[PDB]
Amino acid sequence: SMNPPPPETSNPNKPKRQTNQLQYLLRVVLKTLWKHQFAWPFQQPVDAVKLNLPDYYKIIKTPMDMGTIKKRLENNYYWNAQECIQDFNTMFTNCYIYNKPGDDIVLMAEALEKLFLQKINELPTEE
Ligand SMILES: Cc1noc(C)c1-c1cc(O)cc([C@H](O)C2CC2)c1
């Protein structure tokens with residue numbers, strides 16, 4: 001059994017910025033989700049070997065997780081907030097695509113996603 005390489009978190013030739021919106025995504029959005037009781041399955045890439053999910057990376061072709069997003073934010077990987085918001089949405093969508101309604105992991109994702117939506121509703125206007 002084999003995991004793919006993780007998503008990219010470093011690329012010196014990708015242009016990047018540290019906008020007030022990106023700072024909010026780290027300080028408010030990531031921090032809020034990371035500390036939640038249901039964060040743990042989302043704090044690193046899905047390990048299809050350890051979890052015995054040999055079909056996971058056949059079904060999910062754009063993997064994403066908050067460990068990756070945390071590294072991207074800490075490393076100032078992004079150009080804009082939309083890039084980062086897309087990563088959170090990819091993470092949630094992947095979970096809904098792979099799993100069944102009512103599974104524990106789906107309930108966990110839905111709780112995180114409610115908080116995510118509440119926090120990005122107050123994304124600040126760009127400085
Ligand atoms: C994310 C994700 N997407 O699909 C699956 C399956 C997971 C997943 C990842 C984990 O690191 C651990 C678990 C456990 O089953 C948790 C729910 C009790 C699930």
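Each residue takes its place number in the sequence, starting with 1. Scope of the values below: all heavy atoms of this structure, side chains included, with no hydrogens, waters or symmetry mates. Order of appearance sets the numbers: ligands from 1, and atoms from 1 within every ligand.
- In terms of the salt bridge (charged side-chain N to carboxylate O under 4.0 Å, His left out) criterion, residue partners of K14 (sequence neighbours excluded) are, by chain and number, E83.
- Neither the backbone nor the side chain of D47 has any atom closer than 4.0 Å to an atom of ligand 1 (non-hydrogen atoms only).
- Contacts with ligand 1 closer than 4.0 Å are made by side-chain heavy atoms of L51 only, the backbone lying farther away.
- Within a 4.0 Å radius of atom 3 (N) of ligand 1, the protein contributes one or more non-hydrogen atoms.
- Of all the atoms in ligand 1, the ones that sit under 4.0 Å from a non-hydrogen atom of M108 are 17 (C).
- Using bins of under 30°, 30° to 60° and over 60° for the plane-to-plane angle, the ring pair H36/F38 lands in the tilted bin.
- For atom 8 (C) of ligand 1, the nearest protein heavy atom (residue, atom name, distance) is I105 CD1, 3.8 Å.
- Interatomic distance, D87 CG to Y77 OH, rounded to the nearest 0.5 Å: 8.0 Å.
- Under the 3.5 Å distance criterion, with hydrogens and angles disregarded, a donor-acceptor pair is assigned to the side chains of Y98 and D55.
- By heavy-atom distance, the residue among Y98, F92, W40, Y56 lying nearest atom 18 (C) of ligand 1 is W40.
- Taking every heavy atom of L53 and a limit of under 4.0 angstrom, the matching atoms of ligand 1 come to 6 (C).
- Residues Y78 and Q21 bring no donor and acceptor atom of their side chains to less than 3.5 Å of each other.
- Atom 12 (C) of ligand 1 has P41 CB, 3.7 Å as its closest protein atom, hydrogens excluded (heavy atom only).
- Inspection of the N121 and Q118 side chains reveals no N or O donor paired with an N or O acceptor under 3.5 Å.
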